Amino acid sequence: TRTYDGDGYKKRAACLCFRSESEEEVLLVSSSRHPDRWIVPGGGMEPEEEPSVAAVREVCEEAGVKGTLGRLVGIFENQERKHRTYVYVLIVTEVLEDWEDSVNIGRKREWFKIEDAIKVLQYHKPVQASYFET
């Protein structure tokens, strides 16, 4: 079940899934609609679900990783798609082989240097590119 803020924006959460504490490489996953494109893994908060809990859950489902949850980066609106995303740091400690979306929809995942992640997100996901601005 999808959830919404008072203004009708869909509530979402995501993590910047870093390979280490140095936050130099981040994990992106393929778009479900357009598999040749990259996105930051994240998705809808469930009813009464804490955003940090939604973030870790969606990362597990879409990217097949787990780790140590870090700081809230910020809350980011996508005015065109009418959604509002809480974005957390996650330092990846486990990479699992046969994750929900791998199995279900053949979703891919790849490590990017920060500069390269920003480059591949810019065209279709400029708000997700902005996650990395600070």
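A residue's number is simply how far along the shown sequence it sits, counting from 1.
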| task | Between 28-36 and 79-87, name whichever shows the higher mean Cα B factor according to the PDB entry. | result | 28-36
| said: Tell me which stretch has the larger mean Cα B-factor in this entry, 103-111 or 66-74. | reply: 103-111
| said: Please place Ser130 in the lowest, middle or highest third of its chain according to the CA B-factor in the PDB entry. | reply: middle
| request: Sort the modelled residues of this chain by their C-alpha B factor and say whether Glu94 lands in the lowest, middle or highest third. | output: middle
| According to the PDB entry, is the CA B factor of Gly43 in the bottom, middle or top third of its chain, that is, lowest, middle or highest? | lowest
| remark: Among the modelled residues of its chain, the C-alpha B-factor of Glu50 falls in the third labelled highest
